[PDB]
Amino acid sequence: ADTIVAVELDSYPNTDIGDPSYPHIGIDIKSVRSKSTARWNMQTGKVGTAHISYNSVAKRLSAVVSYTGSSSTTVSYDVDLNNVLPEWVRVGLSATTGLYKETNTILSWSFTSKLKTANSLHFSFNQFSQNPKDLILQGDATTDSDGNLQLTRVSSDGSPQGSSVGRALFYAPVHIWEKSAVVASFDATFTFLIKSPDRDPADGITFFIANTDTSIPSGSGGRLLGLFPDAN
C-alpha cells in the first residue's frame, strides 16, 4: 500500500476511530490515527492559513493553522522522516466529504524542499489554472473559474456535495532525502475555504507526502481523508 505522512485538518471528530472529541489538526504517520493532535477552533466560512515545516536535524514535524483575528492551533511530532518515507516522494493535498459535508477549497498552495549534500524545488500556486499540467488531479478534484482548486465536489452555485474525495499532487517527484545528505528540509503553506450548510462539516483536508506513485486507495472516503484504505 502507499506510505503516507500527512498533516490533517480534521473538521469531523470520528471518535469511533480514535479522533479526539472535537475538530482537530493532527500529524499522521502511516495511519489516520494521528501520532499527535491539537484542538482546532474551526471557523467555517472563513479563509484559513495552514503552515507545515520539517528539517532532518531537528526531526520535529510541525504545523500551524490560523484565520484572521483568530488564535492559532499548533501541533508537532518528533519523527525522522527518513525512517518513514522513501527518498523520492510526491507531495499533495487531499480532502473528503462524507455523510456530512463542506467545500474543500484551496486558494493557494506553496511548497519548498531543500536537500544539502544545495538542491531545491519550490512551487507557489496562487490561482490554479483551468488546466494545471503541473498538477496530477485525482478523484473529484478539479480547478474552477475563480482559479480555485476544489478538492471535493461542488455544484455550480458553490454548494458542496457529500461522499466525495479528491487530491492534487505536484507533477514532479520531490527528492527529500539521500544517502550522502547533510540536511533536508521542507515547508508548505496552503490557504483554504471550508463552507458548509451542515452544523458539523466533514471530513477535512490534509497536506501529505507519499511514495511517488501514490493514489486514492480503495475505501479511503469520508473519515479516511482519501489517504488510507483503513483506520488501523
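Position 1 is the first residue in the sequence shown; the rest follow in order.
**Student:** Just how many deposited residues go unmodelled from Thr117 to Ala118: none, 1 to 3, 4 to 9, or 10 or more?
**Tutor:** The entry leaves 4 to 9 residues without coordinates here.
**Student:** Output the stretch having the higher mean C-alpha B factor in the entry; the candidates are 35-43 and 57-65.
**Tutor:** According to the entry, 35-43 carries the higher average C-alpha B-factor.
**Student:** Using only the Cα atoms and their B-factors as the entry lists them, report which of 172-180 and 47-55 averages higher.
**Tutor:** If you average the C-alpha B-factors of 172-180 and of 47-55, the larger mean comes out for 172-180.
**Student:** Sorting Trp88, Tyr77, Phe128, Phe111 by Cα temperature factor from the record, which one lands on top?
**Tutor:** Top of the list by C-alpha B-factor: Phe128.
**Student:** Among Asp140, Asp144, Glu102, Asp134, where is the Cα temperature factor highest, going by the PDB entry?
**Tutor:** Among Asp140, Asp144, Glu102, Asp134, the highest C-alpha B-factor in the entry belongs to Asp144.
**Student:** Would the CA B-factor of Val154 place it in the lowest, middle or highest third of its chain?
**Tutor:** For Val154, whose C-alpha B-factor we compare with every modelled residue in the chain, the answer is the highest third.
**Student:** Pull the Cα B-factor of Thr189 out of the PDB entry and bin it into the chain's lowest, middle or highest third.
**Tutor:** Lowest third - that is where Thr189 ends up once the chain's C-alpha B-factors are sorted.
**Student:** Pull the Cα B-factor of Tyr12 out of the PDB entry and bin it into the chain's lowest, middle or highest third.
**Tutor:** Its C-alpha B-factor, which the entry lists for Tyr12, ranks in the middle third among residues of this chain.
**Student:** Compare the C-alpha B factor of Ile29 with those of the other modelled residues in its chain, then answer lowest, middle or highest third.
**Tutor:** Ranked within chain, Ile29 CA B lands in the middle tercile.
**Student:** Where does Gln161 sit by CA temperature factor within its chain: lowest, middle or highest third?
**Tutor:** Highest third.
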